[PDB]
Amino acid sequence: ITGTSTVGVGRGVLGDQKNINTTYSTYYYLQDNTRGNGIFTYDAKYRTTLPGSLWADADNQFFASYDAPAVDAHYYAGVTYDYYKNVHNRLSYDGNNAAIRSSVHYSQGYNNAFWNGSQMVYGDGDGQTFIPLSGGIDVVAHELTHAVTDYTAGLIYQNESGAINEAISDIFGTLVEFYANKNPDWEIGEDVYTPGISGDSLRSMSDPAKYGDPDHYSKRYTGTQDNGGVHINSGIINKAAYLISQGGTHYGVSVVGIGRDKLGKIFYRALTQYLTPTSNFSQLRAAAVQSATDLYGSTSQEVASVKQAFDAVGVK
Ligand SMILES: [Ca+2]
Ligand SMILES: [Ca+2]
Ligand SMILES: [Ca+2]
Ligand SMILES: [Ca+2]
Ligand SMILES: [Zn+2]
């Protein structure tokens with residue numbers, strides 16, 4: 001809407017206070033004009049019609065329980081925008097400052113979040129499996145990264161290309177989590193998953209097998225569930241990315257870590273310059289090797305470490 005940029009204050013899903021960029025025109029709307037062509041957050045009102053209503057608030061204070069998922073969707077979308085702009089010189093998901101839209105309170109007891117081709121969408125969870133999913137910065141950045149992928153590599157959401165698609169979202173979701181530097185880790189969704197169980201998460205990049213996901217190509221899932229295992233075989237690529245960044249020895253294969261920033265540079269370049277809609281795991285390895293070669297040279301430790309990491313997960 002047309003109005004003047006304002007700064008509200010609220011509490012997120014985990015009870016943390018934060019300022020949010022709003023817009024004033026009769027009401028205070030969750031519309032952040034300070035980033036690109038805007039970040040807009042909507043109320044889906046427990047229904048499934050999208051996007052719903054642009055979030056309006058009478059007093060610019062967002063401390064009600066019902067406000068918390070909106071506060072976090074809005075704020076963490078801003079953090080993710082900042083990461084792509086400041087770290088990769090990328091202006092929003094299309095590279096041309098496209099408006100970023102999110103809807104919260106999607107459906108009733110909805111244990112998921114997603115990018116629908118046009119916007120991010122967050123369930124509230126059923127209170128047992130999940131609390132409102134926008135409470136997880138890695139979750140928010142995972143979903144917005146699907147938009148980046150849609151506009152760049154375009155990895156088809158099935159089989160190996162879809163597992164790369166998922167891994168790309170987990171990798172950058174985690175790198176955004178580290179960029180915000182609150183409580184960062186190599187796990188996915190720990191802040192919103194199972195409020196009654198401490199120490200777990202949806203997936204682990206450091207040890208995908210902890211949650212039943214493969215950590216080696218020989219253990220890949222080949223059935224039809226989950227679009228051919230896109231959230232399962234992502235563990236093979238997640239483990240390789242973890243190894244590139246942090247190093248380690250895995251199935252007897254030693255990898256020299258090069259750190260999170262170089263991992264992000266290599267995979268961002270692969271995503272935007274080399275990967276295609278049909279790329280498989282072997283093609284991702286080639287794309288990552290070529291990206292590391294572009295950035296650091298063919299004789300570099302970075303190229304050597306990328307090869308070691310894909311070797312360790314059985315991807316040639
Ligand atoms: Ca209020
Ligand atoms: Ca964390
Ligand atoms: Ca995490
Ligand atoms: Ca938990
Ligand atoms: Zn995803």
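First residue shown is number 1, and so on along the chain.
Technique stated in the header: X-ray crystallography, 1.4 Å.
Cβ atoms are placed via backbone N, Cα and C, with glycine included.
Per Swiss-Prot, the features are as follows:
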ACT_SITE  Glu143  active site
ACT_SITE  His231  active site, proton donor
BINDING   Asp57, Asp59, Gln61  Ca(2+) 1 binding site
BINDING   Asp138, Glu177, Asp185, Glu187, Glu190  Ca(2+) 2 binding site
BINDING   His142, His146, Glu166  Zn(2+) binding site
BINDING   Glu177, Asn183, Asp185, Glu190  Ca(2+) 3 binding site
BINDING   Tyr193, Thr194, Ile197, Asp200  Ca(2+) 4 binding site
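Annotated features taken from Swiss-Prot, shown on the structure.
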{"residue": "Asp59", "record": "Ca(2+) 1 binding site", "Cβ neighbours (10 Å)": "9"}
{"residue": "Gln61", "record": "Ca(2+) 1 binding site", "Cβ neighbours (10 Å)": "13"}
{"residue": "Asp138", "record": "Ca(2+) 2 binding site", "Cβ neighbours (10 Å)": "30"}
{"residue": "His146", "record": "Zn(2+) binding site", "Cβ neighbours (10 Å)": "23"}
{"residue": "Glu166", "record": "Zn(2+) binding site", "Cβ neighbours (10 Å)": "29"}
{"residue": "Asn183", "record": "Ca(2+) 3 binding site", "Cβ neighbours (10 Å)": "10"}
{"residue": "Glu187", "record": "Ca(2+) 2 binding site", "Cβ neighbours (10 Å)": "23"}
{"residue": "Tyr193", "record": "Ca(2+) 4 binding site", "Cβ neighbours (10 Å)": "22"}
{"residue": "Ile197", "record": "Ca(2+) 4 binding site", "Cβ neighbours (10 Å)": "9"}
{"residue": "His231", "record": "active site, proton donor", "Cβ neighbours (10 Å)": "20"}
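Of all Cβ atoms in the shown protein chains, 15 besides its own fall within 10 Å of the Cβ of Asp185 (Ca(2+) 2 binding site). Proximity to ligand 2 (Cβ under 6 Å from any of its atoms) holds for these recorded positions out of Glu143, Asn183, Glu190: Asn183, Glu190. In terms of Cα spacing, the recorded positions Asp57, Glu177, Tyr193, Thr194, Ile197, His231 that come within 10 Å of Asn183 (Ca(2+) 3 binding site) are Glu177.
Neighbour count (other Cβ atoms within 10 Å of the Cβ, all protein chains): 27 for the residue listed as 'active site'. Cα to Cα, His231 (active site, proton donor) and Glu166 (Zn(2+) binding site) are separated by 6 Å.
Filtering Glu187, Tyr193, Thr194, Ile197, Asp200 by Cβ distance to ligand 4 (under 6 A) retains the following binding-site residues: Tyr193, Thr194, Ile197, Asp200.
Around the Cβ of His142 (Zn(2+) binding site), a 10 Å sphere holds 29 further Cβ atoms from the protein chains shown. Listed in sequence order, the residues of the same chain lying 6 or more apart from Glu190 (Ca(2+) 2 binding site) and placing their CB within less than 8 Å of its CB are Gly136, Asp200, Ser201, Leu202. Counting only same-chain residues six or more apart in sequence, the Cβ atoms lying under 8 angstroms from the Cβ of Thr194 (Ca(2+) 4 binding site) belong to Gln128, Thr129, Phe130, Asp200. If you draw a 10 Å sphere around the CB of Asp200 (Ca(2+) 4 binding site), it holds 13 other CB atoms from the protein chains shown. Shown are the binding-site residues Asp57, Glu177; of these, the residue with the fewest other Cβ atoms within 10 Å is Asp57.
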